[PDB]
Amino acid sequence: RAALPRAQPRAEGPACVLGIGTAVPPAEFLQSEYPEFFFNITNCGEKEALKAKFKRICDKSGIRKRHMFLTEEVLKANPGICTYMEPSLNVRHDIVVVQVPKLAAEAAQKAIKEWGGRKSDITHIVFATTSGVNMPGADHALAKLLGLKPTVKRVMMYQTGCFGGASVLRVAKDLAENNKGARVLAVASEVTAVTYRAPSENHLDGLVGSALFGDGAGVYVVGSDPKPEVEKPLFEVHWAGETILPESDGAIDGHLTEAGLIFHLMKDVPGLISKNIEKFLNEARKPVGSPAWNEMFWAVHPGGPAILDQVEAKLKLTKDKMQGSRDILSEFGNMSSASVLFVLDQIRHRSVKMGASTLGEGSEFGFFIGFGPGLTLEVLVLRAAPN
C-alpha cells in the first residue's frame, strides 16, 4: 500500500494580506443628532427618561458618526422594523439578503484592486456576517456579483457576531497555506437591519445596541507565497487561535426570533476580557519571540470604549496603540465582524501618513483581536511589512 504525494499541492510561505478594501453605506448619522432621530422615527418621543439614558450612552460611546442603510425613507417603507418586537424578520431579510453581499462586493472590488491580480485567480471565499442568513448564501451571491469562477471554494460563516472578522482571517490562513496559489477573499459584511428596533425599558441591551451598531464591509485578499514584484504583502499571518474565557458562560446571548436578532448581556463583557486577556496573549506571543506589549501594534475590535480602555489599562499600553481602534469606533461605530478589518487597514494608513518604518506604526508584530458570544476571544499574530 503506497503513500501518495499531496494531490492538491500545498503552499510554503505564511499567508499574506495582499490588498484591503472597505465599504460603508452612503448615509451618515451624527451621534449628536441620533437620539432625536431614532426616538422620533420609532414613535418613542414620549419616553423621555429612556431617551435621556440613550443620549448619555451615545455621549459616552466614542462615536462621532455611523453609516446606516436604514435611512428615514427605508424605515418608513418598513414599519415592522421600527417597532420593538412585532414580527418583522421577513422584511428584515429582504433588505440584508441583498445588501450584505452588495456591500462586500464594493469592498472586494477595492481589495482586488490593491492586490493587483486577476479575478479568475480568486480560488476561495471566506465570509462572515451577523446580519441574516439565506440559501444560497451571501458567499454565493458575492461570487455572482464579482463574476468569480464557478469552482470558487466557499466557507460561509453566518451568525458569528463580533469575533467573526478574526475568524475569517483564521480560516483564510489555513486555506491559503494549504493550497499552492490559493487566493482567498476573507470577507466580513454587516448591515444593522436585523438588530434595529425601537427602544424599551425592558431591553437595556437594545439601547446600547442602538447606540453602537453600524454598517460596514471589509475584505482582504489573502495568499501565501506572493509573486515577488507583482504582489505586495501588507501583512503576514503567523498565528491563529481562540479560546472561551473563564467563568464567562452566558455573557452574551444572541437570539434570531420572529422579530429579528435580539441580544441580552448578563455579564461584564469588558471585565471578563480585560481580566483574562494577558494570559492568552502570553501564549500567542511565544512563536514570535515574546515582544513586550508596547512593541506590538493592536488591531482590536472596537466593541465600545469600555473594552478598549480597560485592556489598555490592564496592559499598560501607550495611548497610540489603540488610536487606530478608537478612530474606527469614532467614524463608523461597532460594525461587528467587519470592524476589526477596518481597524487594521487604519493602522496601515496611520503608518504611511506618519512615515513609520513598518505598516504597524513601526512595530514588527501585532495582534488582530475579535471577541463575541460564548465569550470567545479570537487572536491572530501578524507581522507588519516594511515601509
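When you see a residue number, it is the position in the sequence shown, counting from 1.
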- Do the C-alpha atoms of 76 to 84 or of 123 to 131 have the higher average B factor in the entry? 76 to 84
- Query: If you average the Cα B factors in the entry, which is higher, 183 to 191 or 281 to 289?
  - Reply: 281 to 289
- Task: Go through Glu36, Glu331, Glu28, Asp345 one by one and give the residue whose Cα B-factor in the PDB entry is largest.
- Result: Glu36
- Note on the structure: For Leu377, the third of its chain by CA B-factor is the lowest
- Task: Divide the modelled residues of the chain into thirds by Cα B-factor and specify which third, lowest, middle or highest, holds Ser325.
- Result: highest
- Sorting the chain's modelled residues by C-alpha B-factor, tell me whether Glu247 ends up in the lowest, middle or highest third. lowest
- Note on the structure: The third of the chain into which the C-alpha temperature factor of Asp174 falls is the lowest
- Please rank the C-alpha B-factors of the chain's modelled residues and tell me whether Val17 sits in the lowest, middle or highest third. highest
